[PDB]
Each structure stands twice: as C-alpha cells, then as structure tokens.
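Everything on this sheet refers to the single structure shown next.
Protein chains: 4
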Amino acid sequence: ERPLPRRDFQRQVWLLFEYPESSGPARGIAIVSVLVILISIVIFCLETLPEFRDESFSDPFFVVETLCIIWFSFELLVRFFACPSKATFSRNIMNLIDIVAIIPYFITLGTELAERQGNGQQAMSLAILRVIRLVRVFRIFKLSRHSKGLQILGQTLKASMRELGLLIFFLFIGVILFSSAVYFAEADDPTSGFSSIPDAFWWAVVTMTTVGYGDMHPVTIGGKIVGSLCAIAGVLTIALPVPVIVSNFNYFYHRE
Amino acid sequence: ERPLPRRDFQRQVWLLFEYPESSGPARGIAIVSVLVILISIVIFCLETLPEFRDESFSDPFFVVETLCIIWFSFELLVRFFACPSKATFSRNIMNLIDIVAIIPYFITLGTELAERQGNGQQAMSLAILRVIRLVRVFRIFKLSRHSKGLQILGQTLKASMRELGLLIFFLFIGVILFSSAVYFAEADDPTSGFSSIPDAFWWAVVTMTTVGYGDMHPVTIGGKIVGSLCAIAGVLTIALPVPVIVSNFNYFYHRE
Amino acid sequence: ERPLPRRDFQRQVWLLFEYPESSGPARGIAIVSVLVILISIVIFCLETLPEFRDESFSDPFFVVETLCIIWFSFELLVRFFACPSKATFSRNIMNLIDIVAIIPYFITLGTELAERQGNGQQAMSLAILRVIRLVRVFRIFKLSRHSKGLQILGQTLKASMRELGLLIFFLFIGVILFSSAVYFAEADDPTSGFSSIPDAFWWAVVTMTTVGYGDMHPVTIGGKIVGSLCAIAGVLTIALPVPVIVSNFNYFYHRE
Amino acid sequence: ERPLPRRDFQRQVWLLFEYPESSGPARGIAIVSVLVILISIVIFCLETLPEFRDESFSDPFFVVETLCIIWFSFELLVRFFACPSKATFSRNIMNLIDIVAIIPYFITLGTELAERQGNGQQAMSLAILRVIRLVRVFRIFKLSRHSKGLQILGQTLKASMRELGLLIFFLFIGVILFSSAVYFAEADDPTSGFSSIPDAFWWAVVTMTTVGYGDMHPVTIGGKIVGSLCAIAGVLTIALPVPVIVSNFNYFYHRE
Ligand SMILES: [K+]
Ligand SMILES: [K+]
Ligand SMILES: [K+]
Numbered sequence: 022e023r024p025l026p027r028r029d030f031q032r033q034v035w036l037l038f039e040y041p042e043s044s045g046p047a048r049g050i051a052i053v054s055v056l057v058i059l060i061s062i063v064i065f066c067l068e069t070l071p072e073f074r075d076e077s078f079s080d081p082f083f084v085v086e087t088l089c090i091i092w093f094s095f096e097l098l099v100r101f102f103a104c105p106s107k108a109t110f111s112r113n114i115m116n117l118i119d120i121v122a123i124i125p126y127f128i129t130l131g132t133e134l135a136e137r138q139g140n141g142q143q144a145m146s147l148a149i150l151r152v153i154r155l156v157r158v159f160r161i162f163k164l165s166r167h168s169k170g171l172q173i174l175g176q177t178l179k180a181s182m183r184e185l186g187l188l189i190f191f192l193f194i195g196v197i198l199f200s201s202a203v204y205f206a207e208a209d210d211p212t213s214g215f216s217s218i219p220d221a222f223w224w225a226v227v228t229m230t231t232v233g234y235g236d237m238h239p240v241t242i243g244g245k246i247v248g249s250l251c252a253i254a255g256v257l258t259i260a261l262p263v264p265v266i267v268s269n270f271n272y273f274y275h276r277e
Numbered sequence: 022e023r024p025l026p027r028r029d030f031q032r033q034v035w036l037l038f039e040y041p042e043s044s045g046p047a048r049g050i051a052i053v054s055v056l057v058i059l060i061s062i063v064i065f066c067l068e069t070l071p072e073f074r075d076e077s078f079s080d081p082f083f084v085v086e087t088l089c090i091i092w093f094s095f096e097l098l099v100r101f102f103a104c105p106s107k108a109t110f111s112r113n114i115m116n117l118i119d120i121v122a123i124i125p126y127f128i129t130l131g132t133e134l135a136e137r138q139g140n141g142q143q144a145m146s147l148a149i150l151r152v153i154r155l156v157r158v159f160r161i162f163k164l165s166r167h168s169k170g171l172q173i174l175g176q177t178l179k180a181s182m183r184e185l186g187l188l189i190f191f192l193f194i195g196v197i198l199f200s201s202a203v204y205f206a207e208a209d210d211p212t213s214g215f216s217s218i219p220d221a222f223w224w225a226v227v228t229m230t231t232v233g234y235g236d237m238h239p240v241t242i243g244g245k246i247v248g249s250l251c252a253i254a255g256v257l258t259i260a261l262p263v264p265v266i267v268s269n270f271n272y273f274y275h276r277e
Numbered sequence: 022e023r024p025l026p027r028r029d030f031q032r033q034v035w036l037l038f039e040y041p042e043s044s045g046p047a048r049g050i051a052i053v054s055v056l057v058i059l060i061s062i063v064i065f066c067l068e069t070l071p072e073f074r075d076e077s078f079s080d081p082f083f084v085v086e087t088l089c090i091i092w093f094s095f096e097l098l099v100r101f102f103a104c105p106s107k108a109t110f111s112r113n114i115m116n117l118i119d120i121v122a123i124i125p126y127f128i129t130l131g132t133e134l135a136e137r138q139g140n141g142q143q144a145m146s147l148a149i150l151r152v153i154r155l156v157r158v159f160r161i162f163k164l165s166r167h168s169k170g171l172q173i174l175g176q177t178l179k180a181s182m183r184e185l186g187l188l189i190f191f192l193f194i195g196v197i198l199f200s201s202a203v204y205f206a207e208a209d210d211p212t213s214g215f216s217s218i219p220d221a222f223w224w225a226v227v228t229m230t231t232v233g234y235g236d237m238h239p240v241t242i243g244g245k246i247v248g249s250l251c252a253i254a255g256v257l258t259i260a261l262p263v264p265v266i267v268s269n270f271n272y273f274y275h276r277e
Numbered sequence: 022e023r024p025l026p027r028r029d030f031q032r033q034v035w036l037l038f039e040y041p042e043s044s045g046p047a048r049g050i051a052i053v054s055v056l057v058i059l060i061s062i063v064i065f066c067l068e069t070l071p072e073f074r075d076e077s078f079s080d081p082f083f084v085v086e087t088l089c090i091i092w093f094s095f096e097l098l099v100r101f102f103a104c105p106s107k108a109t110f111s112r113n114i115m116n117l118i119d120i121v122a123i124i125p126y127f128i129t130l131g132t133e134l135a136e137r138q139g140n141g142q143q144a145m146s147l148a149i150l151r152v153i154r155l156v157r158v159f160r161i162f163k164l165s166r167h168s169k170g171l172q173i174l175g176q177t178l179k180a181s182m183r184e185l186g187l188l189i190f191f192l193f194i195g196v197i198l199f200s201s202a203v204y205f206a207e208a209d210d211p212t213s214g215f216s217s218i219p220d221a222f223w224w225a226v227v228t229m230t231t232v233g234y235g236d237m238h239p240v241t242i243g244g245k246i247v248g249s250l251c252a253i254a255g256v257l258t259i260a261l262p263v264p265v266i267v268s269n270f271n272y273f274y275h276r277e
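Chains as they are written, first to last, in our numbering: chain A, 22 to 277; chain B, 22 to 277; chain C, 22 to 277; chain D, 22 to 277.
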C-alpha cells in the first residue's frame with residue numbers, strides 16, 4: 022500500500038483528490054478533470070484552421086486556454102499540498118506529465134510580456150517558437166490517470182524495449198540493402214524518380230510495411246525484380262517480434 | 022427449452038413457423054423467406070442506377086417492393102399470432118429487426134398520400150427523406166434467422182465490447198498525436214496538402230491501418246520522418262486486441 | 022496399399038511410371054516430365070507478347086506445342102495401359118487434370134481443319150474461342166504429381182470448405198453495408214466518383230482488404246467518416262477464420 | 022569450447038581480439054570496429070548524391086575509404102595471425118564476410134592503375150563496373166560480430182529453408198494463374214494497361230501482397246471480378262508458412 026496522512030483536513034483532502042472510488046465528490050472531481058482535458062484538446066486542435074488563421078485580449082481562443090491552465094495548476098498544487106513523502110512525488114511520472122503540460126503556457130506568455138514591451142526581438146526564432154507550439158500537445162497523456170488501458174500500454178512498452186530495438190534494427194538493415202539495390206538497378210534509365218540512394222529510403226519504408234503510397238515506383242525490369250523482393254521481405258522482418266509484444270500485453274491486461 | 026402451445030391449431034402453426042427441421046412444409050416456408058429477402062435486397066441495390074434515375078403506379082420498381090412488404094408483414098403477424106409469452110416476444114431481437122425493416126415503407130407511403138393531396142410541403146427536408154432511404158437497408162440482418170454464422174458473430178461482438186473500446190481508444194490517441202506532428206513539420210513549406218490539423222486526420226487513419234490511398238502524402242524530410250513512424254505504430258496499436266476477439270469467435274464457433 | 026499387377030512386363034512398366042523412388046530410369050522419367058511441363062508453361066505465357074502478336078505450318082510457336090501434347094498423351098496412354106482397377110482410375114483426380122490439359126489442343130486443331138476447308142464460319146464466336154484459350158492454362162496443376170506442397174494444399178482446402186464459405190459471407194455483407202452508406206453520404210456532392218451503389222463495391226473490397234488502389238476515394242466529410250470504419254472493419258471480418266485454415270495446414274504438413 | 026593457444030604473446034593477443042568480455046582494451050577494440058563500420062557505411066551511402074555526382078588524389082571521399090580498408094585489413098590479418106586451427110578458419114563464415122568486404126577496393130584500385138597507364142580500355146564494361154560497385158555494400162553484415170540479433174536471424178533463416186521454398190512456390194503459382202485470368206478478361210477493351218501476360222505479373226505480385234501501388238488496375242467488370250479474388254487469395258497463400266518461421270525465431274531467441 023501507501024502511507025496515509027492520518028490527520029484532520031489533509032488526510033480527508035488527499036483521499037478526495039487521489040481515490041475516485043471514495044464518495045460522490047470524488048467522482049465529481051474526476052469527471053470535472055476529464056471534461057477540462059477534453060475541452061483543452063479540442064481548443065488546441067481547433068485554433069489551427071485556415072479560417073481563423075488570418076495573417077492578445079478578448080479573442081475567444083485566448084480565454085479558454087487561461088481557464089484550463091488555471092484549473093490544471095490548481096489541481097496540481099492541491100494534490101501536492103497534502104502528499105506524505107516528497108521522494109515518491111519526485112519519482113512519480115504523472116506529475117511530470119502535469120508540469121510539462123503546464124510549462125509552455127507560462128513560457129509563451131512570459132516571453133511576450135517582458136521582451137515586446139521593453140526590447141526589439143526577432144520573436145526568438147521561427148524554429149524556436151514553432152518548436153514550443155508542438156510541445157503543447159502532451160495534454161493527452163493526462164488521461165493516463167483515468168483509464169487502465171493507457172497504463173497497461175505503458176507497462177507493456179516498458180517491458181518490451183529490447184524487441185522494439187530489434188524491430189527497428191531489422192528495418193534499418195533491410196531499408197539500406199534494398200534502397201541500394203534498386204538505385205543501382207535504375208541508374209542507366211533517364212526517366213526514373215530515384216536520384217540518389219538517400220532518395221530511395223522513402224520507397225523502401227513505404228513498401229516493406231505494405232503502405233505503398235504510389236509515387237516512386239520502379240519502371241525498369243531490374244527495378245521490378247527488386248521491388249518484388251522488398252515487398253516479400255517486409256512482412257518477414259516486420260512480423261518477427263510482434264508475438265512477444267502481444268503476449269506481454271495480453272498477460273498484463275488479463276492479469277486482473 | 023421453451024414452452025409449447027400444446028393446443029390444436031396454434032401449436033401446429035407455431036411449430037411450422039418456428040422450427041425448420043420439422044417437416045417438408047417447414048423447409049418450404051424457410052426457403053420462401055430466404056428467396057424473398059434476397060429479391061428485396063436486389064431491388065433495393067438496383068433501383069439506384071444512373072439509367073433509371075432520370076430526373077407512383079405501374080413502374081416495375083414500385084410493385085415488387087409492395088409484394089415483399091406484404092409477405093414480411095404476413096409472416097410477422099402470423100408468427101406473433103401464436104406466441105406463448107408476450108414478455109419473451111418483447112425481449113427478443115429478431116422481431117425488432119423485422120419491425121424496423123417494415124417501418125420505412127409505411128412512412129414513405131403514408132407521408133406522400135396525406136400531405137401532397139391536401140397540403141403544400143418542401144418534401145419534409147432534403148436530409149430527412151434522404152436519411153430514411155438509408156434505413157431501408159436493414160433487411161440484410163433478417164438472414165440471422167437462417168445462418169449460424171451471423172448469430173455466432175453477434176454473440177462474439179456482444180462478448181468483446183471492452184476490447185473494441187480499447188482498439189478505438191488507441192487509434193484515436195495515435196491519430197491525434199501523428200496528425201499534430203506532421204502538420205507542424207510541414208507548416209513552412211508552401212506546397213503542402215495539409216492545411217490544418219483536422220485535415221491530417223484522414224492521412225493518419227489511412228496510414229496507420231495500411232491502406233494508403235495515395236493523396237496527401239508528406240514531401241518535406243521532416244514529414245517523411247513522421248510518416249514512417251505512423252506506418253510502424255499503426256501495426257502495433259491495431260494488432261493488440263485482435264487475439265482476444267479471435268479467441269472468442271473460435272470458442273463460440275467450435276463449441277458445437 | 023494398392024494392388025500390384027504381379028506380372029511380367031505390365032507390372033515392371035507400372036512400377037516404372039508410378040513410383041519415382043524405384044530406380045535410375047524412374048528418376049529420369051520424372052525429370053523429363055517436369056522439364057516438359059515447364060517448357061509448355063513458358064510457351065503458353067510467351068506467345069502472348071505485343072511483338073509476335075502481329076495482326077499454320079512452320080512457326081516456332083506452333084511446333085513446340087505439338088511436341089508437348091505428344092509427350093503428355095503418350096505418358097497418359099502408357100500409364101493407363103497397365104492399371105489394375107478401372108474404378109480407381111475413374112475416381113482419381115490427377116488423370117482428370119491430364120485429360121483436361123490435353124483436350125483444348127485437340128479442339129482447336131480439330132475445329133480449324135474441318136470447318137475452314139469446307140465451310141464459311143464466323144470463327145465460332147469471339148467469346149467462345151477466347152474462352153478456350155484460357156482453359157489451356159490448367160497445365161500448372163500437373164505439378165501436383167511432383168511436389169508434396171501442392172497436395173498438402175489440396176487436402177487443406179478440401180478440409181476447410183466451411184470456413185471459406187464463412188469468410189466470403191462476411192465479406193459480402195460488409196461490402197453491401199458500407200457501399201450503401203458511402204453512396205448515400207455523397208449523393209449531394211457533384212464531384213464524386215460514386216455514381217451508383219454497384220459502383221462502390223470495388224471501393225469497398227479494395228478498402229476492406231487493405232489494398233487501397235487509390236482511385237475512388239471519399240471527399241466529403243460524411244464520406245471520410247465511413248471510409249474509416251470500412252478500413253477498421255475489414256481487418257475484423259478478414260481475420261476471423263484464418264486460424265482454422267492455418268491450423269489445418271500445419272497439422273497436415275507436420276503430420277509426417 | 023574451443024582450444025586456446027596457451028602461449029606467451031599469441032594467446033594474449035587472440036584473447037584480446039576474440040572475446041570482448043575480457044578487459045578494458047577488448048571493449049575499446051570492439052567499439053573501434055563498430056565506429057569504423059558505421060563510418061564506412063555512411064561514406065558508401067553518401068557519395069552517391071546528385072550534388073557531388075558532377076559528370077584520384079585529394080578528394081574527401083577518396084581518402085576515408087582507404088583508411089577504412091586499412092583498418093579492416095589490419096584487423097583480419099591480426100585475427101588470422103594467432104588462430105589455432107586452419108580448418109576452422111576456412112570453415113567459418115565471418116571471415117568470408119570480411120574478405121568479401123575487402124576484395125572490391127583492391128579490384129577497383131588495381132584495375133585502374135595497370136590498364137589506364139599502359140593500355141586503351143572501354144572501362145571493362147558499363148555493366149561490369151556497375152556490378153562491382155553494388156557488391157561493395159556487404160559491409161553491413163560485419164555487424165554480425167557485435168549483435169546477437171543478426172546471428173539469431175541467421176540461424177532462423179538457415180533452419181527454415183523449406184518453408185521459404187513453399188512460400189515462393191505458392192506465390193509463383195498464384196501469380197501465373199491470376200495474371201492469365203486478368204489478361205484474358207481485358208483483351209477486347211482498347212484502353213487497358215495490360216499488353217501481355219508477362220506484363221500482368223507486376224500487378225499480381227503487388228496485389229497479392231497488399232501493397233497496391235496504384236498503376237495498372239482493372240477497368241472492365243470482368244477485370245474487377247478477378248482483381249477481387251487476387252486480393253483475397255494473396256492473404257491465404259502468404260499467411261501459411263509464417264507461423265513456422267515465427268516459432269523458430271522465438272525458440273532460438275528465448276532459448277537463452
Ligand atoms: K496493406
Ligand atoms: K496504395
Ligand atoms: K496498401
């Protein structure tokens with residue numbers, strides 16, 4: 022188990038914010054957290070449309086974000102307020118997700134107020150600002166608190182690291198081998214889409230995995246001879262470590 | 022078992038219309054029902070061609086439908102006429118399929134006679150009438166009475182609801198994650214098909230499941246780096262709960 | 022076992038033409054049959070090129086066929102010459118393959134000599150003559166005499182007829198359902214490739230099985246909503262009876 | 022086990038160059054070999070770009086190759102210098118990979134110096150020189166010394182030769198059968214991409230394996246009827262001997 026605060030207000034509060042099975046208020050708090058997470062995801066994925074892109078203070082999009090960040094920060098602060106051991110809090114993982122999901126809103130807001138008002142700046146960089154906007158998407162994983170499915174998935178992926186390594190390794194070797202073969206089989210032809218070996222990598226990964234987008238396909242006979250072998254060998258290299266991961270997931274899931 | 026009427030005419034009739042193993046007439050009735058269902062499906066799927074679309078009373082298409090509806094209604098009425106318990110009849114499922122397959126023909130016919138003759142109407146709506154035409158397709162499931170395969174499938178799908186939930190959940194998370202990544206990796210380029218994050222959802226679902234229609238594919242290098250990972254992760258998220266459903270079906274089917 | 026002729030010449034001959042494990046000559050005869058089969062297949066698949074198509078007596082293509090038919094007929098006649106029981110010969114299957122592979126050459130040749138010389142004819146029909154040319158391809162299955170793999174495959178396919186029926190049935194139901202849904206979701210749009218429900222069948226089969234050729238894909242949002250579900254449900258309906266057939270093949274193959 | 026030299030310098034040297042678990046220097050040597058292999062692969066795959074292609078002595082690309090070949094030759098020579106039995110050295114496989122990876126650099130260099138200086142030559146041939154450049158790619162397999170994954174893969178592929186034969190055989194039969202059917206179903210149409218049976222082979226292999234590049238697809242109804250059956254039968258013929266190979270790999274990998 023875990024220690025309990027065994028006190029007057031703090032123990033009651035921590036049982037409220039930690040165990041959704043306790044009472045009516047615990048279920049209410051949990052549903053509130055789920056609703057706010059969903060709202061924030063929709064806001065993030067919606068503000069990127071062509072229509073509102075155009076070319077702050079009262080915009081509809083800029084409000085909702087502040088409300089969601091307020092609620093996340095309040096929840097994190099209260100949850101940390103009554104926590105028995107600090108070492109466990111540091112060693113956890115959900116708290117890392119929460120703090121990472123709260124950081125970017127402070128950085129963006131913080132950066133604009135100080136610099137624009139009292140300095141001349143590029144932005145920072147086109148790349149730097151763009152990079153942050155992307156990190157803002159980790160709010161999905163806050164649903165790990167409310168579903169056993171994601172936690173089972175996390176444990177399965179942690180247990181099976183080595184097989185992931187093997188799968189990527191076999192894919193890499195196959196990609197290099199077949200890219201080289203099909204580039205050299207089509208150098209003499211003028212009308213070929215393969216300009217260099219680093220350009221056939223995309224074709225090799227899209228053919229081994231059986232997606233086959235349809236651009237860059239062989240035309241010479243020597244090209245087709247190799248494009249068949251790539252298709253055949255993709256299945257063989259892909260399907261080797263799948264049973265291990267499926268077995269791990271099934272055991273972790275049906276365990277209880 | 023089930024109670025039997027244990028009477029003079031009604032018991033004989035219900036044994037005729039319920040158990041196709043009894044006699045010659047039972048087999049004849051069953052084959053008649055199968056023929057009529059097939060005819061009705063062909064009529065529904067055939068009257069939609071470009072040729073007879075053009076821009077009622079004696080049309081070839083409008084007759085056959087009335088005959089099929091007559092036979093379905095007669096069969097349902099007779100089957101319900103001699104039924105021991107009403108609660109079982111309400112709690113069943115095949116009867117729901119039958120009544121749902123009979124409703125739309127009455128609504129369409131019923132609506133035209135009263136309104137056109139004595140009122141001015143839009144139709145109802147373009148959408149409303151169009152919506153009903155689609156519901157007319159549930160006549161296929163009336164074959165659940167005549168094949169063990171469909172009933173095995175129904176039981177398997179009922180038992181494995183949770184794994185279906187998990188599969189859709191993992192797909193949804195993967196879709197959002199990779200759509201966001203590949204939209205942000207291709208914002209700077211002018212010649213890109215991805216205008217907004219809600220526009221990359223189609224690409225993500227068509228790549229994770231390995232269909233790969235071939236429109237909307239990445240062009241920048243940063244786009245290709247992510248389009249490879251989507252292809253790899255689609256297999257992993259798809260192939261997790263398949264063994265459970267296959268095991269359920271195999272057990273339900275080979276049970277007897 | 023099987024009866025043996027137990028005689029002077031006929032028993033020796035039948036042991037020569039039936040059991041390739043006996044002696045050196047048996048192995049020589051077997052290799053000769055394999056070489057002739059391969060030659061005939063190459064001739065059939067080669068005479069169809071654009072170059073020799075253009076718009077008989079001494080053509081290179083017309084000779085080789087007569088030689089191969091001569092050898093096949095000689096082998097069949099000798100094999101039947103010393104056969105203990107006639108009922109077994111009729112009830113076999115390899116002999117059916119041999120006679121079916123020998124028939125078309127006689128029909129084509131036979132038809133030209135009598136009719137052209139003494140009558141005026143269309144050909145017979147464009148379709149009739151074309152149909153026969155296709156039947157000429159059953160010469161491949163004569164390799165069932167020389168590989169255990171094909172015979173294992175034949176036994177597996179014979180044992181698992183019912184699961185094949187179920188697979189086709191589920192595919193048919195899924196095809197009709199999703200074709201109807203995606204035709205009705207795209208009637209209002211002008212620029213759609215789906216003209217009628219019988220036209221969406223091709224899209225449904227190419228999407229459920231995850232080939233995805235790339236013509237005929239949805240454009241409206243309502244179309245995409247259904248095109249995702251088709252992709253998901255294809256895997257589910259395809260992957261149900263595969264384990265049974267794989268188990269049958271594995272048992273029949275590893276049995277000995 | 023294996024014999025040990027049991028001597029003063031040679032035994033110490035062979036333990037250094039053979040067992041990376043011994044000491045610090047053994048780990049250093051192993052990491053050096055890995056770094057050099059990776060460098061050489063990058064050089065080979067990088068010198069083929071459009072930019073440095075243009076239309077030796079001090080080029081950046083021509084140096085690095087000489088350094089890598091020097092190190093490979095030194096390592097091979099030292100490893101062979103202290104080897105107990107010659108028969109084992111000949112019967113090994115890693116040494117074959119090393120000598121094959123060292124040969125091409127000598128041939129290319131050797132050929133240019135003698136012939137250009139004292140003779141007039143074509144090159145040798147466009148094909149001959151091109152063929153060698155391709156063989157230069159076997160440097161990847163030198164990583165078999167430093168990963169258990171590749172060695173497990175080698176043992177699995179050696180054990181399962183027969184199932185590979187069966188898979189290719191079933192694919193070949195299916196390809197011929199469906200190519201013939203879909204060529205004859207589309208001869209009458211003018212606007213068809215299938216000019217001859219040898220031209221439909223590419224379509225058959227790309228459809229059976231479910232890649233589906235998207236050129237060459239059927240247009241007539243008779244063509245679509247067969248293009249569906251090809252898609253269905255590809256899964257059946259592909260998925261038969263996969264369980265055997267997966268079982269072999271799993272046993273060899275989880276053995277220890
Ligand atoms: K696929
Ligand atoms: K495709
Ligand atoms: K595909």
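Note that the Cβ used here is the ideal one computed from N, Cα and C, for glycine as well.
- Shown here, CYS89 of chain B sits in a helix according to DSSP, grouped into three states.
- A Cβ of chain C is located within less than 8 Å of the beta carbon of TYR234 of chain B.
- Residues of chain C with a Cβ closer than 7 Å to the Cβ of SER217 of chain D are, in chain order, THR69, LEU70, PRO71.
- Proximity of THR231 of chain A to chain D, defined by a Cβ-Cβ separation below 8 Å, is satisfied.
- In the three-state reduction of the DSSP assignment, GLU136 of chain B falls in the helix class.
- In chain order, the residues with a C-beta atom nearer than 6 Å to some heavy atom of ligand 1 are A:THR231, B:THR231, C:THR231, D:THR231.
- Using a CB distance below 8 Å, the part of the region 140–160 of chain B facing chain C consists of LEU147, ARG151, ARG154, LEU155, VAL158, ordered along the chain.
- Around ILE114 of chain D, the same chain offers no residue with a beta carbon nearer than 6 Å, after the five sequence neighbours per side are excluded.
- Relative to the non-hydrogen atoms of ligand 3, the Cβ of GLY255 of chain C never comes closer than 7 Å to any of them.
- In the structure shown, the three-state DSSP call for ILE114 of chain A is coil.
- Taking non-hydrogen atoms of ligand 3 into account, the C-beta of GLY233 of chain D is found less than 7 Å away from one of them.
- The Cβ of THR228 of chain A sits closer than 8 Å to at least one Cβ of chain D.
- Shown here, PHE73 of chain A sits in coil according to DSSP, grouped into three states, outside any helix or strand.
- Distance check between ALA180 of chain C and each of C:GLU277, C:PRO24, C:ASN269, C:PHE162 places C:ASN269 closest, using alpha-carbon atoms only.
- Taking 8 Å as the CB threshold, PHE270 of chain C lines the interface with chain D.
- For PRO46 of chain D, the secondary structure class from DSSP, reduced to helix, strand or coil, is helix.
- If you ignore the 5 residues before and after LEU188 of chain C, its C-beta comes within less than 6 Å of the C-beta of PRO262, all in its own chain and listed in chain order.
- The distance from the Cβ of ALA108 of chain D to that of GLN31 of chain D is about 18 Å, inconsistent with a contact at the 8 Å cut-off.
- Taken atom to atom, the span from the alpha-carbon of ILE123 of chain B to that of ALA206 of chain B is near 53 Å.
- Closer than 8 Å to the CB of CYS89 of chain B there is not a single CB belonging to chain C.
- DSSP places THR228 of chain B in the uninterrupted alpha helix (DSSP H) bounded by 218–229.
- Closest option to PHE199 of chain D, judged by alpha-carbon separation, among D:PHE215, D:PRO211, D:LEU185: D:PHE215.
- Contact check for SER201 of chain A and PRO71 of chain D: beta-carbon distance about 16 Å, past the 8 Å limit, so the pair fails to qualify.
- Counting the other CB atoms within 10 Å of its CB gives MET229 of chain C a total of 16 or more, which places it among the buried residues.
- The beta carbon of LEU25 of chain D sits closer than 7 Å to the beta carbons of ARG32 from its chain, once the five residues preceding and following it are set aside; these are given in chain order.
- Cβ neighbours of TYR126 of chain C within its own chain (closer than 7 Å, five residues either side excluded): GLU86, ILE90.
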